[PDB]
Each structure stands twice: as C-alpha cells, then as structure tokens.
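Quick notes on the structure that follows.
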Amino acid sequence: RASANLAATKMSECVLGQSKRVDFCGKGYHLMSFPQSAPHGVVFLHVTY
Amino acid sequence: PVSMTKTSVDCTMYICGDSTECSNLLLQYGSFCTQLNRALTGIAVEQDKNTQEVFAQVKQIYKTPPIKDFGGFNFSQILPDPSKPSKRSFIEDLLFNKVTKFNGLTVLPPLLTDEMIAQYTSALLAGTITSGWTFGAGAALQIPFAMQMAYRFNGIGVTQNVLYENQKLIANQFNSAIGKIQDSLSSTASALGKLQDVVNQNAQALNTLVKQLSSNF
Amino acid sequence: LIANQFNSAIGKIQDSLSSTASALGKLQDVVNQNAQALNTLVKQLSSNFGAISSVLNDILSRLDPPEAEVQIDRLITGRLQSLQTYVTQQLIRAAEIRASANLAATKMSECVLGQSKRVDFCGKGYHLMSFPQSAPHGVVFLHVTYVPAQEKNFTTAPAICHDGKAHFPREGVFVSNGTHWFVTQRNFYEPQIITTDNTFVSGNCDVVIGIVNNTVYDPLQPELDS
Amino acid sequence: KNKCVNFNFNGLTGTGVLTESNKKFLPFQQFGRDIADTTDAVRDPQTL
Amino acid sequence: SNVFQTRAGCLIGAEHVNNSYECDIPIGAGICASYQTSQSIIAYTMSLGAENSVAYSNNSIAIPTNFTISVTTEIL
Ligand SMILES: *[C@@H]1O[C@H](CO)[C@@H](O[C@@H]2O[C@H](CO)[C@@H](O)[C@H](O)[C@H]2NC(C)=O)[C@H](O)[C@H]1NC(C)=O
Ligand SMILES: *[C@@H]1O[C@H](CO)[C@@H](O[C@@H]2O[C@H](CO)[C@@H](O)[C@H](O)[C@H]2NC(C)=O)[C@H](O)[C@H]1NC(C)=O
Ligand SMILES: *[C@@H]1O[C@H](CO)[C@@H](O[C@@H]2O[C@H](CO)[C@@H](O)[C@H](O)[C@H]2NC(C)=O)[C@H](O)[C@H]1NC(C)=O
Ligand SMILES: *[C@@H]1O[C@H](CO)[C@@H](O[C@@H]2O[C@H](CO)[C@@H](O)[C@H](O)[C@H]2NC(C)=O)[C@H](O)[C@H]1NC(C)=O
Ligand SMILES: *[C@@H]1O[C@H](CO)[C@@H](O)[C@H](O)[C@H]1NC(C)=O
Ligand SMILES: *[C@@H]1O[C@H](CO)[C@@H](O)[C@H](O)[C@H]1NC(C)=O
Ligand SMILES: *[C@@H]1O[C@H](CO)[C@@H](O)[C@H](O)[C@H]1NC(C)=O
C-alpha cells in the first residue's frame, strides 16, 4: 500500500504534471514521464534534462 | 509494485478439510477463523483500491490522433500496438514477459484486467502527448508537442528558444533513450527484480502455509 | 464572479455533507474497524478453548485446584492468544493511521499554510488554497482550486519572423483567431498585440520549425517618429 | 444495593454493584445480557 | 433464471448486458453488477470512461476563455 501510494503520487505529480521535486522523477531536471503497466505494478519512463 | 495476488484462505477447510469432528472442535476457539477471513478479504479489497488509485487517474479514455506528428518525437514503442491481441505497447509486452493450491486456498482475479490497466496507461500517455499537463487539471487542451516541450523547458529554467533551435537533436536524443530502454528491458531480467520480489515473497509464503499441512505438531 | 463561484462551491459542500453520509465513510471505517475488533476481543471471553466452561468463576467453584488448573491453563492460553491477535492487528492499524496522519500533516503544511504546485496533491485543478475543518478522529480539507472552463481553438506558432529575426513569447503563446496574430497567457485567453515588449529575439528564421510571418509592433517607433 | 458486593443468585456468582433495574423482564425471564453476552441484569429469587 | 459464466466464477440471477457502464458492484475480472431498468440486477464489462479523441494538430492550441472555482472535500 505504501508502494502503491508512492506510485499514485508519481502518476499525479510526474505524468499529469512537471515536478520541481529533486530526484522524485529520476536523474536530472524533470521534463515529463510516461506510465507503462507491468505485472502487479507500474513503470515510469522519466524524460529528464 | 502496486498490488499483489488476492489470495483468500478458508480457515475451516485449511485447518479441518472435509472433517465435521475437526470443525466442531475448531468451533471451541470462536471467531479465530472469521477474523482471519476478514483480514484476508480486507487485503484483497485493498489491492483493488491500490490499482484503482494508481491507474484510474483519468476521467476520459484519450486517443492519440491517427497522424503521429509530434515534432519528430517517436512514441511508437510506448503507444498501444493494435497488432498484438492485447492492446499493449512494445515496452509493456517486454515488461509482461520478464515477470514470471486446493486446501481452501483460492486466488481472486483482480477487478481490473490487464487490458483495462493497459487502456488506463494508453489514456494517460495519449493525454500527456496531445495535451501536456492540462488534462490533469481539467479538460484536455491540445497543444503541439514541440510547444509542450518548450513549456517544460521553461519549467526547468531553460528558454524555449533552446528547444526550438535544437528541436531535432532533442527528438533524436529522446528516440535513442527510448531505444536504450528497450535494449535494457530485452536483455536484463533483474531490471524488474522489484516486481518479481513481490511475486516471490507471496508464493514462498503460500508454499510455507501448504507445507504446514504436512507437519504433525 | 470569482467570489460568487467560491460562495456557491461552499454552499454545494454544505448540501453534499447534509445529504450524503458515505462522504465521511473513511472516518466511519476507522470507527467501525476498531469497534468490531473490540467486539471480537470481548466475544473471545465467551469461548471454552477446550475447557469445561468459558466462565472462569464457574470452574473454581466446581473444581479442586489440581483439576481446575488444567481448565484454567486452557482458558489462559486461549485468552492470551486472543489478546495477542487484538494487539497485533491494532499495531498494524496504528501504522496505517500514522501514515494517514502524516499525510494529513503534510497536507496541512503544504496546502493550508501555502500554495502547492504538486499536481492533485490538493485536489482537482490548479490549487489556490485550502481550509481545514476538524472531524471526529480526522481532518477535512476544503481545496479551492482553479479549473479552466470554456476552451477555444486557435492556430498557433512556436515563433514569429519580423525582419529575419525569430520572436518568441516572453510568457504565453502566439495564437491566431484566423486572420490576426496575438500573444496570450497560456491559462486564460487574453489576446494582446505582439510587441517587442511581449517577445524576445533569438537567432533567425531558418532554425525554427513552424515559424510564421507577422509584424512585431515596436512601442517606441510611433513616439520616436514624431 | 448501590454497593460493590459479591453476589450469588441461584448459582450465578459475580462481583458488582446491584442497582434497582428499570428493565421489565418477561415473567419467564431470569437473567439479562449485553451485546457482548455479559450478565447485565438478574432477578432476585426471594422477591421478583 | 440467468446463469452467466465469468472469469470470477458462476453468476446466477444477474442478466448479462452488452452495454458497458461505470462499475457499481465489483464482481471480478472486468465484470461489475448493478440494479437497473422492470428493475433487475445486471452484469457487464465495466466502462473505463468516456472515449475521447483529442483534436491534436501541429499548429492547433486550445486556450481557456473562462474558469470555475471548485471547492472539493478531502477526508483523512
Ligand atoms: C519510430 O521508431 C520505429 C522503430 O523503433 C520505426 O519503425 C521502424 O521503421 C523502419 C522503416 O521506417 C523499419 O525498417 C523498422 O522495421 C521499423 N521498426 C519497428 C520496430 O517498427 C518508426 O518508423 C518510427 N516512427 C517514425 C514516424 O519514423
Ligand atoms: C481576429 O481578431 C482581430 C482583432 O480583434 C479582428 O480584426 C478586427 O475586426 C473588427 C470587426 O470584427 C474590426 O472593427 C477591427 O478594425 C479589426 N481589427 C484590425 C486590427 O483590423 C478579426 O476580425 C478577427 N478575426 C476573426 C476571424 O475572428
Ligand atoms: C515569410 O517571408 C519570407 C520573406 O519575407 C519568405 O521567404 C521567401 O520564400 C519564397 C518561397 O520559398 C522565396 O522564393 C523567397 O526568395 C523568400 N524570400 C526571402 C527574403 O527569404 C517566406 O516564404 C515566408 N513564409 C511564409 C510561410 O509565408
Ligand atoms: C464565465 O462563466 C460564468 C459562469 O460560470 C459566466 O457568468 C454567468 O453568465 C450568465 C449569463 O451569460 C448568467 O446567467 C450566470 O448567472 C452567470 N454566472 C455567474 C456565476 O455569475 C460568465 O459570463 C462567463 N464569462 C465568459 C467571458 O465567458
Ligand atoms: C477544435 O476543433 C476540433 C476539430 O476536430 C473540434 O473537434 C473541437 O471541438 C474544437 N474545439 C473547440 C473547443 O471548439
Ligand atoms: C503540419 O502538418 C501539416 C499536415 O496537415 C503539414 O502540411 C505541415 O507541413 C506541418 N507543419 C510543420 C511545421 O510540421
Ligand atoms: C451481445 O451482442 C452480440 C452480437 O454482436 C451477441 O452475440 C451477444 O449474445 C450479445 N450479448 C448479450 C448478453 O445479449
């Protein structure tokens, strides 16, 4: 549940917006993120500058 | 990790399979069995809620247009591929191929099928590609992907002229990075190790539980 | 207009809370999940656990200490296991409530005591402000947010050519209603004449993909010409 | 009444404060129980 | 007397309906039930939401011309 809450927060702040939070959306300055479904989980492709 | 397998264990048949004498003796303990069933039911409903909170973040199922003119950015490998029987992306199918009883133990199917989670991810990706962050705050507002990339460059403190003057270099870098993501997922299993850990940690536990039926105590 | 929209939204909050119980369902769940557990615990006092009687006082009254000892041991084992189960489930539920309370404290800090840029952390739309309200064993945040409402299509261009120079919007975007080019803020249609005070120059026309031809007003030129 | 005493009512033994009960038992009823099935009310053998 | 085979098991007393609606009572692997219409319990593949193509183009932008102030309740 903690992991899924983190995943929901990353979907909200990282896919549905651009995050100023450092390293919340991977190495560098966050540009955007793309979600992908995985068996019992989520995979975020973080596009950063 | 977002959810795990919704396992339910019938307390009565696990402890006292098809035995009336054993069930009558187990009745001497009271609500031991009912509260264990309640806890496992809570866990399963919680797994469904986890999946809903992560993926059902979009009110409408958005489409990418048939003409994929995204200023040179290539999303073909993350957008759904209609050729595959499951409408999953190339990368999603790479992800699904990397992650690998009868004693009152049942497995409840998740409320959202893999197809519906794929449709959620497709809708979120299409909204991001066609409207930027606008679909997250309200109605989806179409904007050219180059101008969205300029918005985001402004967001990270770089002027949009840097994007527009270096647009195709940036498109090529993004495409190469997606290709490297494919190459990393196609040759390294341990990449999805985290998800596999969950699938292991549940199964091991279940094994242990069934093995305890073979003990004398 | 904005004051009236806020007042109407507060009225709708009242109407939603006055007619829908399930709205506060989450808090009720906690109040249920504790009480059920407590009920279960007390119900375990009525179980034999293999003893002759669930009532402890009915054992001592009917048996000699050597024989009462075995039945009391059975009752002790059963009631100890019941209490351990209760305490373990309460520790896990306390961990859940602590996570919820940490989230509530973070929302109070970042959402009531400030304006949050985090998307959907403070509800649907662009967060303007939040108001806290106490609730039985919990908190209720009224998130006031800005939702863009009436959308309109426009033609757009990344930049504009004036004299071989590429003009980019200082903030906002270039929008065409079909014949004329303006520069507007991104979140609200307020078209303005494209001037050198609205834009900045960077390089020339060749580099930018999708650049369009237009005139960029120079606010000085009419004054200087006189 | 109104004092913490040890009581024995027709073999039901318990420690408690016995107060005048507004509960009106049906004539066949002898005891009363709570939602948790703990003894809540009793009937005096000597006087009803 | 309706007997319908789902991936979640055997469902008896619910009429299978081809139409997709928002999930009301979650049954199982994409299947939800609801009381509708005369009144009856129906089972259906849950609808994920309104299907909408965004009018994307390389030179088309949609700009808001108004707004609404929304007060939403969060309970913790
Ligand atoms: C996006 O990239 C994919 C490959 O990742 C491109 O598809 C390839 O296209 C070439 C010729 O156009 C073929 O030889 C390859 O076999 C294709 N590969 C795959 C995996 O489909 C696709 O053309 C690119 N998109 C655009 C618009 O150029
Ligand atoms: C786009 O906007 C421009 C500016 O508002 C419009 O041009 C004006 O049109 C009105 C009458 O509709 C005239 O009185 C003004 O003199 C025009 N202004 C200028 C500077 O010429 C234009 O009509 C709009 N076009 C569309 C298709 O809506
Ligand atoms: C914008 O204006 C420039 C010049 O003011 C146009 O450039 C001309 O393009 C034509 C067609 O290719 C050439 O024959 C001319 O030699 C060009 N002139 C110059 C000075 O470069 C340009 O085509 C215009 N763009 C649009 C979209 O109308
Ligand atoms: C923006 O929207 C508001 C309402 O959301 C509009 O105000 C309404 O105007 C109509 C008449 O056109 C009245 O009947 C309503 O009572 C008004 N509502 C409120 C809350 O005042 C407003 O006109 C819109 N503005 C623009 C520029 O579109
Ligand atoms: C913009 O144009 C498209 C054309 O397909 C249309 O579907 C859409 O409704 C238009 N948007 C607005 C806000 O009028
Ligand atoms: C935009 O797309 C149209 C196709 O409708 C095409 O003719 C035009 O060249 C494109 N413009 C740019 C700048 O890519
Ligand atoms: C749904 O429609 C199809 C025809 O495409 C039909 O074969 C099927 O029986 C229908 N399902 C129900 C439950 O009526």
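Chain labels follow the order of the structure tokens: the first chain is A, the next B, and so on; residue numbering restarts at 1 in every chain, and ligands are counted from 1 in their shown order.
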Report task. Could you please extract the residues within 8 Å of ligand 3, counting only C-alpha atoms and all ligand atoms, and hand them back as a PyMOL selection string? Result -> chain C and resi 161+163-164+211-213
Take the residues from that selection and put them in a file with C-alpha atoms, as an mmCIF file, in the first residue's frame.
```
data_model
loop_
_atom_site.group_PDB
_atom_site.id
_atom_site.type_symbol
_atom_site.label_atom_id
_atom_site.label_comp_id
_atom_site.auth_asym_id
_atom_site.auth_seq_id
_atom_site.Cartn_x
_atom_site.Cartn_y
_atom_site.Cartn_z
ATOM 1 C CA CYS C 161 9.543 36.369 -38.183
ATOM 2 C CA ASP C 163 12.965 41.229 -40.117
ATOM 3 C CA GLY C 164 14.716 37.849 -40.353
ATOM 4 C CA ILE C 211 7.775 29.716 -37.618
ATOM 5 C CA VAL C 212 5.240 32.103 -39.226
ATOM 6 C CA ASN C 213 5.495 35.584 -40.759
#
```
Report task. Would you give me, as a PyMOL selection string, the residues of chain B that come within 9 Å of chain E, using only C-alpha atoms? Result -> chain B and resi 56+58-65+67+69-71+108-113+116+119-120+126-127+130-131+140-146
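For ligand 2, the protein and nucleic acid residues at most 9 Å away, judged by only C-alpha atoms and all ligand atoms, amount to residues 176, 177, 178, 179, 180, 181, 182, 191 and 193 of chain C.
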Residues from last step as file, N, CA, C and O atoms, as a compact mmCIF listing (two decimals), in the first residue's frame:
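Here's the written file part16.txt:
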```txt
# COMPACT_ATOMS: atom_id res chain seq x y z
N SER C 176 -3.59 32.67 -33.26
CA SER C 176 -4.28 33.31 -34.40
C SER C 176 -5.74 32.91 -34.35
O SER C 176 -6.04 31.70 -34.29
N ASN C 177 -6.62 33.91 -34.37
CA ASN C 177 -8.09 33.68 -34.44
C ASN C 177 -8.48 33.32 -35.88
O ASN C 177 -9.65 32.95 -36.09
N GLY C 178 -7.55 33.45 -36.82
CA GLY C 178 -7.78 33.07 -38.22
C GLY C 178 -7.20 34.07 -39.19
O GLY C 178 -6.91 33.69 -40.33
N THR C 179 -7.05 35.32 -38.78
CA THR C 179 -6.51 36.38 -39.67
C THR C 179 -5.39 37.15 -38.99
O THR C 179 -4.52 37.66 -39.70
N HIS C 180 -5.43 37.28 -37.67
CA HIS C 180 -4.50 38.15 -36.92
C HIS C 180 -3.79 37.35 -35.85
O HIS C 180 -4.36 36.39 -35.30
N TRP C 181 -2.57 37.76 -35.54
CA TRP C 181 -1.72 37.06 -34.54
C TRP C 181 -1.65 37.89 -33.26
O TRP C 181 -1.39 39.10 -33.33
N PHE C 182 -1.86 37.23 -32.14
CA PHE C 182 -1.73 37.84 -30.80
C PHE C 182 -0.82 36.96 -29.96
O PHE C 182 -0.49 35.83 -30.35
N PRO C 191 -5.91 37.97 -25.47
CA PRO C 191 -5.05 38.28 -26.60
C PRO C 191 -4.49 39.70 -26.51
O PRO C 191 -5.19 40.61 -26.07
N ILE C 193 -1.58 42.59 -28.58
CA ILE C 193 -0.78 42.92 -29.78
C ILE C 193 0.65 42.45 -29.53
O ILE C 193 1.22 42.73 -28.46
```
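Between CA of residue 25 in chain A and CA of residue 128 in chain B lies a distance of 15.4 Å.
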Query raised in the report: Which of chain A counts as helix (DSSP H, G or I) under DSSP, as a ChimeraX atom specification please?
Result: /A:2-15
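Using only C-alpha atoms and all ligand atoms, the shortest contact distance between ligand 6 and any of C:158, C:50, C:219, C:169 is found at C:158.
Near residue 34 in chain A, within 10 Å and counting only C-alpha atoms, sit residues 11, 14, 15, 16, 43, 44, 45, 46 and 47 of chain A; 75, 78, 79, 121, 122, 124, 125, 126, 128 and 129 of chain B, not including residues fewer than 4 positions from it in the same chain.
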Query raised in the report: Do you have the CA of residue 26 in chain A-CA of residue 13 in chain A distance handy?
Result: 12.7 Å
Query raised in the report: If you count only C-alpha atoms and all ligand atoms, which residues end up within 6 Å of ligand 5, as a list in words?
Result: residues 151, 152 and 153 of chain C; 55 of chain E
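Between chain A and the residues C:123, C:172, C:132, C:203, the shortest atom-to-atom distance, using only C-alpha atoms, involves C:123.
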Query raised in the report: Using only C-alpha atoms and all ligand atoms, which protein or nucleic acid residues are at most 7 Å from ligand 4, as a ChimeraX atom specification?
Result: /C:1,4-5,150 /E:65-68
Can those selected residues be exported to a file as a PDB file, in the first residue's frame so that it contains N, CA and C atoms?
```
ATOM      1  N   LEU C   1     -17.372  37.718  -9.753  1.00  0.00           N
ATOM      2  CA  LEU C   1     -17.696  36.400 -10.349  1.00  0.00           C
ATOM      3  C   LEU C   1     -16.966  35.314  -9.557  1.00  0.00           C
ATOM      4  N   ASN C   4     -18.499  34.851  -6.113  1.00  0.00           N
ATOM      5  CA  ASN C   4     -19.792  34.133  -6.229  1.00  0.00           C
ATOM      6  C   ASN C   4     -19.539  32.647  -6.478  1.00  0.00           C
ATOM      7  N   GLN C   5     -18.575  32.312  -7.328  1.00  0.00           N
ATOM      8  CA  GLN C   5     -18.261  30.887  -7.606  1.00  0.00           C
ATOM      9  C   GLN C   5     -17.788  30.212  -6.319  1.00  0.00           C
ATOM     10  N   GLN C 150     -14.041  27.319 -20.302  1.00  0.00           N
ATOM     11  CA  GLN C 150     -14.569  27.484 -21.677  1.00  0.00           C
ATOM     12  C   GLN C 150     -13.394  27.566 -22.643  1.00  0.00           C
TER      13      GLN C 150
ATOM     14  N   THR E  65     -11.083  30.308 -22.110  1.00  0.00           N
ATOM     15  CA  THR E  65     -11.637  31.682 -22.173  1.00  0.00           C
ATOM     16  C   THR E  65     -12.394  32.019 -20.893  1.00  0.00           C
ATOM     17  N   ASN E  66     -12.505  31.075 -19.968  1.00  0.00           N
ATOM     18  CA  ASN E  66     -13.200  31.300 -18.686  1.00  0.00           C
ATOM     19  C   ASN E  66     -12.593  30.368 -17.650  1.00  0.00           C
ATOM     20  N   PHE E  67     -13.226  30.277 -16.496  1.00  0.00           N
ATOM     21  CA  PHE E  67     -12.768  29.379 -15.416  1.00  0.00           C
ATOM     22  C   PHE E  67     -13.921  29.115 -14.461  1.00  0.00           C
ATOM     23  N   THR E  68     -13.697  28.151 -13.588  1.00  0.00           N
ATOM     24  CA  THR E  68     -14.585  27.867 -12.448  1.00  0.00           C
ATOM     25  C   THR E  68     -13.724  27.689 -11.206  1.00  0.00           C
TER      26      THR E  68
END
```
Query raised in the report: What are the DSSP strand (DSSP E) residues of range 100-154 of chain C, as a PyMOL selection string?
Result: chain C and resi 126-135+138-148+151-154
Query - Surrounding residues as an MDAnalysis selection string, ligand 1, max 12 Å, only C-alpha atoms and all ligand atoms - result: chainID B and resid 66:79 81 83 89:91 171:172 174:183
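Picture a line from CA of residue 44 in chain E to CA of residue 21 in chain E; it runs 7.3 Å.
Among all protein and nucleic acid residues, the ones that lie within 6 Å of ligand 7 when counting only C-alpha atoms and all ligand atoms are residues 16, 17 and 18 of chain E.
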Could you turn the residues from that selection into a file that holds C-alpha atoms, as a PDB file, in the first residue's frame?
```
ATOM      1  CA  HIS E  16     -25.758 -10.251 -18.839  1.00  0.00           C
ATOM      2  CA  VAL E  17     -25.990  -6.855 -20.614  1.00  0.00           C
ATOM      3  CA  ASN E  18     -23.814  -5.969 -23.640  1.00  0.00           C
TER       4      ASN E  18
END
```
